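Peer 1: Below is one structure. I have some questions about it.
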Ligand SMILES: [Zn+2]
Ligand SMILES: [Zn+2]
Ligand SMILES: [Zn+2]
Ligand SMILES: [Zn+2]
Ligand SMILES: [Zn+2]
Ligand SMILES: [Zn+2]
Ligand SMILES: [Zn+2]
Ligand SMILES: [Zn+2]
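Chains as they are written, first to last, in the deposited numbering: chain A, 1 to 73; chain B, 1 to 75.
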């Protein structure tokens, strides 16, 4: 599958994805990919701030979908 | 005095402000509570989008009032 994560400076990074993959799970993927601890990032989708332990599907995300997400701190 | 902000999350969050607190001042508070840089938040009250450098009072805001919130998404 594949979803996009956008940052602050526009840098657009792709992710492999899990369909019912939790948000905790996505944060770990960003870390595996660009090394920012999950406890630092916050993801937003279509205005809403996603919370870990809810799944991509719980928020109706689909392949080709865009998570800004983006960013955190 | 207290004021209320509607988060992206949606869980209401609470702030300790003063009457003559500027808006860039409020963002900094939000940054402190939810690690979101000011330069990314945009606040709205009662329909209007508040601009930094104007004060809570210049927008007629009082106790227990609420401001919803959202991200600028500049790029
Ligand atoms: Zn840590
Ligand atoms: Zn978390
Ligand atoms: Zn968007
Ligand atoms: Zn569920
Ligand atoms: Zn004071
Ligand atoms: Zn502080
Ligand atoms: Zn600003
Ligand atoms: Zn003024």
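Where a beta carbon is used, it is the ideal one built from N, C-alpha and C, also for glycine.
Between residue 58 of chain B and ligand 6, is the CB less than 7 angstroms from at least one heavy atom?
Peer 2: No.
Peer 1: On the DSSP bridge list, what partners appear for residue 16 of chain B?
Peer 2: DSSP output for residue 16 of chain B lists B:2 as bridge partner(s).
Peer 1: Quick check: is any heavy atom of ligand 1 less than 7 angstroms from the C-beta of residue 39 of chain A?
Peer 2: Yes - ligand 1 has a heavy atom lying nearer than 7 angstroms to the Cβ of residue 39 of chain A.
Peer 1: Going by beta-carbon coordinates alone, are residue 122 of chain B and residue 56 of chain B separated by less than 8 angstroms?
Peer 2: Examination of residue 122 of chain B is not possible in this model, given that chain B is present from 1 through 75 alone.
Peer 1: Would the beta-carbon of residue 52 of chain A fall within 8 angstroms of that of residue 27 of chain A?
Peer 2: Their beta carbons are under 8 angstroms apart, which means residue 52 of chain A touches residue 27 of chain A by this criterion.
Peer 1: For a test of the three-state rule: what should DSSP assign to residue 62 of chain B, helix, strand or coil?
Peer 2: Residue 62 of chain B: coil per DSSP, three-state reduction.
Peer 1: Can you pull the DSSP bridge partners for residue 71 of chain B?
Peer 2: Paired residue(s): B:41.
Peer 1: For residue 32 of chain B, count neighbouring Cβ atoms within 10 angstroms of its own Cβ and tell me buried if that reaches 16, exposed if not.
Peer 2: Answer is exposed; the Cβ neighbour count stays below 16.
Peer 1: Between which residues of its own chain and residue 53 of chain B is the CB-CB distance below 8 angstroms, once the five residues before and five after are set aside?
Peer 2: Cβ within range, chain order: 22, 23 and 24.
Peer 1: Would you please verify whether the beta carbon of residue 70 of chain B is less than 8 angstroms from any beta carbon of chain A?
Peer 2: Answer yes: the Cβ-Cβ gap between residue 70 of chain B and chain A drops below 8 angstroms somewhere.
Peer 1: From which residue to which residue does the alpha helix (DSSP H) around residue 61 of chain A run?
Peer 2: No alpha helix (DSSP H) holds residue 61 of chain A; DSSP gives it neither H nor E.
Peer 1: What residue does the alpha helix (DSSP H) around residue 30 of chain A start on, and which one ends it?
Peer 2: Looking at the DSSP string, the run of the alpha helix (DSSP H) that includes residue 30 of chain A is 23-34.
Peer 1: Helix or strand or just coil, what does DSSP make of residue 70 of chain A?
Peer 2: Here residue 70 of chain A sits in coil by DSSP.
Peer 1: Name, please, each residue of chain A whose Cβ falls closer than 7 angstroms to the Cβ of residue 73 of chain B.
Peer 2: Ordered by position in chain A, the residues that pass the 7 angstroms Cβ test against residue 73 of chain B are 68.
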